[PDB]
Amino acid sequence: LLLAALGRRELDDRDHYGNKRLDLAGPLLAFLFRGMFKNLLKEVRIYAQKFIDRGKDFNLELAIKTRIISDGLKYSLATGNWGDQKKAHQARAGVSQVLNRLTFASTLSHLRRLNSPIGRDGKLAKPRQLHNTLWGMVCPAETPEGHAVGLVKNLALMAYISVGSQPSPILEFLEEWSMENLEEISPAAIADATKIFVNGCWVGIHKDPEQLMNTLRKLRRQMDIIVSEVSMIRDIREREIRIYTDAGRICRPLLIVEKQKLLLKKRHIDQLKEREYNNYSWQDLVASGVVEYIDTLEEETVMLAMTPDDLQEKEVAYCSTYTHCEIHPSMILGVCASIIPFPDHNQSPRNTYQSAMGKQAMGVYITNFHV
Amino acid sequence: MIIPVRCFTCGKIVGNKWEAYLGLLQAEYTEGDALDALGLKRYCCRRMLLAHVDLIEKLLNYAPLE
Amino acid sequence: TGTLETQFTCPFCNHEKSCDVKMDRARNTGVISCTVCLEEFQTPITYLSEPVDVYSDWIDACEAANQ
Amino acid sequence: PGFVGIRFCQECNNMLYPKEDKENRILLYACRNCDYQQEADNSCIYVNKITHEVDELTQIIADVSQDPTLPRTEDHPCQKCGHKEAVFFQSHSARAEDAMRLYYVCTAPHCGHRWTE
Amino acid sequence: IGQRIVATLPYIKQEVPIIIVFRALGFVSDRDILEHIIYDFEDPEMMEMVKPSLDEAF
Amino acid sequence: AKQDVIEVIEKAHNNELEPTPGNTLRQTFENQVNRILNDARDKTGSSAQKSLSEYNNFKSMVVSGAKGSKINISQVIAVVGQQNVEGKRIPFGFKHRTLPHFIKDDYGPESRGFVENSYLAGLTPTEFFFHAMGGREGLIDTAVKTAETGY
Amino acid sequence: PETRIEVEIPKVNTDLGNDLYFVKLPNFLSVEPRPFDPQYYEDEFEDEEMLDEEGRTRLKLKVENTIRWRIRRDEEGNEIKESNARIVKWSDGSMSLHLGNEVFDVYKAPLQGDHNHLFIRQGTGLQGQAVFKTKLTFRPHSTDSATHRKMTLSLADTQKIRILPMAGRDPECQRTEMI
Amino acid sequence: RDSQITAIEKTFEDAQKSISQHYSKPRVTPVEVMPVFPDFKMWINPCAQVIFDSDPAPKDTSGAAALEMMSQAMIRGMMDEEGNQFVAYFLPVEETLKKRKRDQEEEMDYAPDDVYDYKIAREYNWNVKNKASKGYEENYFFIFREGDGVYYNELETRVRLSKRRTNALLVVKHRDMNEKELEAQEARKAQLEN
Amino acid sequence: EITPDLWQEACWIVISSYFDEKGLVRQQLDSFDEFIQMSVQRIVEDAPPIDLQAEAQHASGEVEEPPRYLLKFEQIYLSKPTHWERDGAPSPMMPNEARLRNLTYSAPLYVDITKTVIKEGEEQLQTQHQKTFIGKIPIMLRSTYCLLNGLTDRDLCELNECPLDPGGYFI
Ligand SMILES: [Zn+2]
Ligand SMILES: [Zn+2]
Ligand SMILES: [Zn+2]
């Protein structure tokens, strides 16, 4: 707060996607189920109370009202109201929608849809504006043109949302490296030392952040302690290292560039080309440390080329220190926006309108349509 | 779903050419030489076999409600 | 969460919202009086002190005295 | 002018406040808790830079030299150690940001020299 | 004289000066509290900004 | 035009740029760059106009007034131009840069949204995304304006 | 000044063969260094528990994907060491691990970045032996097999849910206990 | 129980079947088929994996010189200024390289009257994980011996080295193994029966 | 290394391998699969265990120590989606059947409950109800708990299901 007030550090931006997480079907259902299960134990409590106050023995098989979970889950998934039916007018609506089976591209894009809980009819443009932080994560063209414009988004073709993992393996590795536990360190030592955050828990300080970052990246690139979803951000000017292992972080794969050269050499392409005979696959590409999942919060500190074959040679050096390279820049589009031929020769609203109409175009929507 | 009987634009019969085209493609013919072999000169007719997708082969995977 | 209380139940006659707090910020003293049984208590306050702190000092004096 | 800072009590470690010595007519720093007090060496109680002219260069840190997303020039050799590679960037602090002035940091470890031109 | 810092704690019906929250956590002296905030005491610009909060919680 | 913007950036970085009346230094710099890039776009469009043959069907539909404007011819043939959001060049969405593909503190034309290609030549991916950002404003304004004006 | 430290240690000599490869075994592969003998055999009391199919899946992998060797005597009584697994080098330079009827692709990847070295522990010191240049990673062939589907769980190897075999009356089990 | 034994025996029997064609890419054929066994020769030696945080090779020596030096490097525990222990990484001096090659060409393990010198290159902080630490997972290395087979061995200890923050030469004389070391080998041998 | 000339092929080879590994709805499946594998178990055991104490009736005319009941929910088991005919006969429920008969494609959830009861000063003897049934959880198609998991094209077509259907939705 002092830093911000002094102006030494810029304020945080609510629309920057590094500051956002997506609740997928998992955390959404866990949010209901937590409530229902707590209700189920409320009912076992009142039922057994009725039996045990009378000194009789309460049979739990009658105490469990099976229906609370069954009809609870079912209800909210059926209507889309994400909460207890008794208080339906207070909970979110439309979280669960009827799958659009009009055309295959509409089915695919509906399964890849993101929703911002911002109230409609809001005059503010900022939450609806295409923030730079959406590059490669969210399709820049596929959004409804109606009142929901910019609030309803769609994943880019290679956008992956982290499922999450426990931080304990990382914490153990940090504790065995030269990290001082926050409880052990002298406050005086925090001045000239980086502060390490794991899932937002400040867990220690480290004297040599550069070796730490190089080590943490090497681990992720070998898939051992650090699973590949984890994202380590090095805030140099801030002297902070933030490691995130939580769920819902939207990230995408990128090629690694160690010097002005891709780590992806012809041997990988050749093995990948044979993936029918030998089962060499994307997993081996990730495990060999050629590809990496960069997250938006981590992408603020990566220097990214667009195409290696032109942006790594030089005439007068522009960057000369790239760290990653785009696989193919067309991966920034979504499902409906990537069927457009030559979208880069079109005015962007036209691309948006085609993304909208590509979900209304008739065709064989599924092969078992006669069933 | 099934190869159209006639080219939508001009009317040339192309319904009898999908199997032949598949056989030509089973040989190493390039689709352009395949189309020339089948006698499709106008681009409207060539569009029929180049763009056709035989979905009836997928629909036949299902057991019939005899 | 919510708005802080400003009227209290007289810990002696238990009459609800019968006690009000006068805060003499000049002499640094708070005075609480039951508008029903007229019981009173006075405690030293500071600029941070709110009516809820006076009432608490009354309760702490009562809880300490009733032993 | 300088910039005055906090002073702490040796007994209770709480912050000291200025007091004029009503008798000796000098400036004393005194604890609001224990009766600890000491003679002040500065005679300045407070200062307030309205212009907010700040040596923005002092807040720059040598660790920024290894940022991969920062532009580099061999055209501006290090004034201290003569090393050719230097990273350059603007002072993004609200009052300094208006000036668009550049700041350079040497790209050589244990040199860490930061300068402005 | 101005720029007091207050924390809005959960379940606490009113804003509490952060220095009171630090004393409540057991860090009673002002030096010790500031050690958890102002990591580098060589910074008068930052310290001059916490004085109003140390004053409010005196 | 790109060389001129680079020279203005050098002058600004060297503090050789004098703040004009009312404006700040950073605002006068932005005004200077916008002026240079507007001149570039307008001049390229104008040169495009005079090169069109009398049988050109864009010209036939523009001089008739039926549909289109000379700015559309300029964007289709010569250059698309600057992409603005809320009247300013593309903002530093990331920390001090518009996209991970650019270097920090890059105020150049293509770094801040100036689309230098035409719709015939196609848009580079960075300026494709900047064009998407610029076009999104039109959609948002269309969606929000209706409810304010109907009332 | 060059500081002289004298130490007495036995030299460890190693036959590193033609190629040395780093191997991290995936969850679907394991190695048993003891010879497989049904006599004194491991008391594999998994089926004793009557495990559900996450566990029988684990048991299947435990039986089928373990690289084992055994000592067999010929009619002359000569002890011959036999392996149930073998690595095949192909004419195109690829490799595959054949374990009985199971077949696995073997991908050779050079170890970039990692400076992994082989050392031998001797007392309190370590003697260097080699630098790992390539690691081998194994993947099952025969993806058509249901075991390929199930192997995903082996990778996933805190309590976890268990899967019942769909058995029972349950609406009637509800209704009957309800009586 | 025997339902498992019967299946295990089947895998050995299936392994006895000759192989003649690739399981895919039919034009390919088997160049060599090798049984996989625990390395009966090497299993007695406790192999440990050392992972460096950065390239440990000395800057002025490249290629084969770097590999040969590192393959013969020795790592020893040392004690710091306060008495806390750390790890010193020693590389063979040029004479040691020459001596080792001489003795190997002479098929001797070591010359009994010779001493082998190694110079310290770097200090590293070390993190040791072994079978005795909870949650330790075993990494293996495979040795391919053409015409003989593929023999695998276990990496009983995993050591992770990070750059730390006395120019010492380690002079090594070889000796015979004592009973305790021989017992350690026999104990390792015992992991192959009973 | 990949020359500029070959880079256009290599780029789409890498992308195609990505889409062969991960479908288009992988984020959905993964999320749901992790909810069933972890979040449901964690939610159950993190619940506050039941502590019931009987209301003192004072019938002896004295202040009694009323009996208290303890229940702790333990392991969770989840069977495949199952349809029971009205007579209770068990059958695996095919998604397509559910779609046609308006069923809910869900799996029954069972939890081990260990009961314990402390009567006044007398001993407690925990008794347990293994695998009691808690309601049914709807399953997302093509997840690991679904019936269409790792099933080949022949199988899917045999189930009157579409091999191209991404799954990732509930019925
Ligand atoms: Zn035609
Ligand atoms: Zn004091
Ligand atoms: Zn320098």
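Trainee: Quick rundown of the overall build of chain G? Include the residues and the values.
Mentor: The secondary structure content of chain G amounts to three helices and 12 strands. Per-residue burial over chain G gives 46% buried out of 179 residues. Of the roughly 9600 Å² of accessible surface on chain G, a fraction of 47% belongs to carbon and sulfur atoms. When the 26 positive and 32 negative side-chain charges of chain G are each reduced to one mean point, those points stand 4 Å apart.

Trainee: Describe the coordination of the zinc ion (ligand 3), and please don't skip the residues or the numbers.
Mentor: Residue and element names in this part refer to chain D. Donor atoms from the polypeptide that bind the zinc ion (ligand 3) are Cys78 (SG), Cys81 (SG), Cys106 (SG) and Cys111 (SG), placed at 2.3 Å. Site description for the zinc ion (ligand 3): donor spacing in sequence, C-x2-C-x24-C-x4-C. Taken together, the positions of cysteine 81 in the loop between strand 4 (72–73) and strand 5 (86–90) and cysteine 106 in strand 6 (residues 102–106) put the pair 25 residues apart, joining distant regions of the chain. Taking the relative accessible area as the measure of exposure, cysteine 81 reaches 42% and is therefore partly exposed. Relative accessible area serves as the criterion here: at 0%, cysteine 106 is assigned to the buried category.

Trainee: Before we move on, could you go through the pattern of salt bridges and cite the residues and values that matter?
Mentor: Residue and element names in this part refer to chain G. The tally for this structure, following the rule as stated, stands at 81 salt bridges over all chains. Between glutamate 46 and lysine 62 there is a salt bridge, with its nearest N and O atoms 3.0 Å apart. Highlighted residues: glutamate 46 in the loop between strand 3 (30–31) and helix 1 (53–64) and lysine 62 in helix 1, separated in sequence by 16 residues. Exposure remark for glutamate 46: the relative accessible area of 27% places this residue in the partly exposed category. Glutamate 172 serves as the salt-bridge partner of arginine 169, at 2.8 Å between the closest nitrogen and oxygen. Here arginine 169 falls in the exposed class, since its relative accessible area comes to 56%.

Trainee: Summarise a nonpolar patch on the surface; cite the residues concerned and give the values.
Mentor: On the surface, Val364 and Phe369 of chain A together with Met1 and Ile2 of chain B cluster together into a nonpolar patch covering about 350 Å² of accessible area. Within the secondary structure layout, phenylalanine 369 of chain A lies in the segment after helix 12 (348–357). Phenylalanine 369 of chain A sits in the partly exposed class, given a relative accessible area of 33%.

Trainee: Break down the pairing of strand 5 (residues 69–73) of chain G for me, citing the residues and quoting the values.
Mentor: All names here are of chain G. Pairing of strand 5 with strand 6 (residues 79–83), which is carried by five bridges, proceeds in the antiparallel orientation. Paired with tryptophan 69 across the bridge in strand 6 is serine 83. Connecting the antiparallel pair strand 5 and strand 6 is a turn made up of five residues, with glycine 77 showing a positive phi of about 85 degrees.

Trainee: Could you give an account of the UniProt feature "binding site: Zn(2+)" (unreviewed entry) in chain B, with specific residues and numbers?
Mentor: All names here are of chain B. What UniProt calls "binding site: Zn(2+)" (unreviewed entry) maps, in this numbering, to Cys7, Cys10, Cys44 and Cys45. Sequence-wise these annotated residues cover 39 residues; spatially they are packed, their C-alpha atoms never more than 7.8 Å apart. Residue placement: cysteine 7 occurs in the segment before helix 1 (18–26). Overall, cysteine 7 belongs to the buried group, its relative accessible area being 2%. Dropping the residues within four chain positions of it, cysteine 7 is found in contact with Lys12, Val14, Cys44, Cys45, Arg47 and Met48. Along the polypeptide, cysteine 45 turns up in helix 3 (residues 43–51). Once you skip the residues sitting within four places of it in the chain, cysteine 45 turns out to touch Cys7, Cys10, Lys12 and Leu40.

Trainee: How would you summarise the sheet that holds strand 1 (residues 19–24) of chain C if you had to cite specific residues and measurements?
Mentor: All names here are of chain C. Within the open sheet, the three strands sit side by side as 1-2-3. Their pairing is antiparallel. Bordering the open sheet on either side are strand 1 and strand 3 (40–44), each of which pairs with just one other strand. Put simply, the sheet's adjacent strands are angled 20 degrees from each other on average, direction ignored. Strand direction decides the pairing type here: strand 1 and strand 2 (residues 29–34), joined by six bridges, are antiparallel. From the neighbouring strand, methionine 23 faces strand 2, where its bridge partner is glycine 30. Seen against the sheet, helix 1 (residues 51–65) touches strand 1, strand 2 and strand 3 and runs at an angle of roughly 110 degrees to strand 3.

Trainee: Tell me about the packing of aromatic side chains, residues and numbers included.
Mentor: Applying the stated criterion across every chain, the model contains 44 aromatic pairs over all chains. Put simply, the rings of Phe33 and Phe37 of chain A together with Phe32, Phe35, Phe73 and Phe170 of chain I pair up and form one aromatic cluster. One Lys or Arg, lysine 81 of chain G, reaches over the ring of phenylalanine 40 of chain H and ends 4.3 Å from the middle of that ring. Taking the ring centre of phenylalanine 58 of chain A as reference, the NZ or CZ of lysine 115 of chain I above it sits at 4.8 Å.

Trainee: Give a description of the coordination of the zinc ion (ligand 1) that names residues and reports values.
Mentor: All names here are of chain B. Coordination sphere of the zinc ion (ligand 1), protein contribution only: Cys7 (SG), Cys10 (SG), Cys44 (SG) and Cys45 (SG), at 2.3 Å. With four donor atoms in place around the zinc ion (ligand 1) and angles of 100 to 116 degrees between them, the coordination shape is tetrahedral. Read N to C, the donor residues that coordinate the zinc ion (ligand 1) are spaced as C-x2-C-x33-C-C. Given the relative accessible area of 11%, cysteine 44 is considered buried. With a relative accessible area of 1%, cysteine 45 lands in the buried category.

Trainee: Describe helix 4 (residues 70–78) of chain F, with residues and values.
Mentor: For helix 4 of chain F, the complete set of buried residues consists of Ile73, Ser74 and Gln75 of chain F. Of the surrounding secondary structure, the elements contacted by the buried residues of helix 4 of chain F are helix 2 (25–51) and helix 3 (57–63) of chain F.

Trainee: For the interface of chain H and chain A, give the residues involved together with the corresponding values.
Mentor: Contacts between the two partners involve 10 residues from chain H, matched on the other side by 11 residues from chain A. Here chain H and chain A share an interface that buries about 910 Å² over both sides, 48% of which is from carbon and sulfur atoms. Of all residues in chain H, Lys25, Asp53 and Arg160 of chain H bury the most surface against chain A, accounting for 49% of the area lost on that side. Counting across the chain H and chain A interface gives three salt bridges. On the surface where chain H and chain A come into contact, there are five residue pairs in polar contact. For the side of chain H that touches chain A, the elements supplying multiple residues, two or more each, are strand 5 (115–130) and strand 7 (149–163) of chain H. With three residues, strand 7 of chain H is the single largest residue contributor to the side of chain H that touches chain A. Among the residues making up the side of chain H that touches chain A, the classes are represented as two nonpolar, three polar and five charged.

Trainee: Residue-level account of the side chain of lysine 195 of chain A, with values.
Mentor: Tracing the backbone shows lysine 195 of chain A in strand 5 (residues 194–198). Leave out the neighbours within four places in its chain, and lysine 195 of chain A touches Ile190, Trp202, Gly204, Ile205, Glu238, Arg239, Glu240 and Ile241 of chain A together with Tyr39 of chain E.

Trainee: I'd like a rundown of the interface of chain H and chain G, residues and numbers included.
Mentor: Every contact between the two is made by 90 residues of chain H and, on the other side, 87 residues of chain G. On the chain H side of the contact with chain G, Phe12, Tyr23 and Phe144 of chain H bury the most area, a combined 10% of that side's loss. Counting across the interface, chain H meets chain G through six salt bridges. Here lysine 25 of chain H and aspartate 92 of chain G are joined by a salt bridge, their closest N and O atoms 2.9 Å apart. With 10 residues, helix 1 (residues 2–15) of chain H is the largest single contributor of residues to the side of chain H that touches chain G. Its residues assigned to classes, the side of chain H that touches chain G shows 50 nonpolar, 20 polar and 20 charged. Where strand 11 (residues 125–131) of chain G meets strand 3 (residues 74–79) of chain H, three bridges bridge the pair, whose relative direction is antiparallel. Its bridge partner being in strand 3 of chain H, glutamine 127 of chain G is matched across the sheet by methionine 74 of chain H.

Trainee: Any details on the nonpolar core? Residues and values, ideally.
Mentor: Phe33 and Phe58 of chain A are the most contacted members of the largest nonpolar core, which totals 63 residues. With 14 residues, helix 2 (residues 25–53) of chain A is the largest single contributor of residues to this core. What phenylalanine 33 of chain A contacts, discounting residues up to four positions off in sequence, is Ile69 and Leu73 of chain A together with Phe35, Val40, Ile43, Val44, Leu109 and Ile137 of chain I. Ranked by size, the runner-up nonpolar core spans 36 residues in total, among them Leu157 and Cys251 of chain A, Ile103 of chain F together with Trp7 of chain I.

Reading the values: rules and limits
- Residues numbered from 1 in each chain as written, not as in the entry; some residues may be left out.
- Chains lettered and ligands numbered in written order.
- Part of a larger assembly, values for the part shown.
- Heavy atoms only, no water.
- Helix = DSSP H or I, 4+ residues; strand = E, 2+ residues; numbered from the N terminus.
- Buried < 20%, exposed > 50% of the residue type's maximum accessible area, 1.4 Å probe, protein only.
- Areas by Shrake-Rupley, 256 points an atom, 1.4 Å probe, with all protein chains shown as cover.
- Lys, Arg positive; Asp, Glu negative; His and termini not counted.
- Charge placed at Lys NZ, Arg CZ, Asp CG, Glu CD.
- Donors = N, O, S within 2.8 Å, 3.2 Å for Na, K, Ca; no water.
- Salt bridge = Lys/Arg side-chain N within 4 Å of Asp/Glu carboxyl O.
- Patch = residues over 30% accessible without salt bridge, like charges linked within 9 Å, V, L, I, M, F, W, Y side chains within 5 Å.
- Pairing = 2+ DSSP bridges.
- UniProt positions renumbered as here; feature names shortened; annotations may be inferred.
- Contact = heavy atoms within 4.5 Å.
- Axes fitted to C-alpha atoms, helices over the stretch in contact; angles between N-to-C directions.
- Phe/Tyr/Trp six-rings, centres within 6.5 Å; stacked < 30°, edge-to-face > 60°.
- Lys NZ or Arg CZ within 6 Å of the ring centre and 35° of its normal.
- Tetrahedral: all angles 85-135°; square planar, octahedral: opposite > 155°, others 65-115°.
- Buried area = accessible area lost by both parts, 1.4 Å probe.
- Polar contact = N/O pair within 3.5 Å; in protein donor to acceptor, adjacent residues only side chain to side chain.
- Nonpolar A, V, L, I, M, F, W, Y, C, P; charged D, E, K, R; others polar.
- Core = buried A, V, L, I, M, F, W, Y, C linked by side-chain atoms within 4.5 Å.

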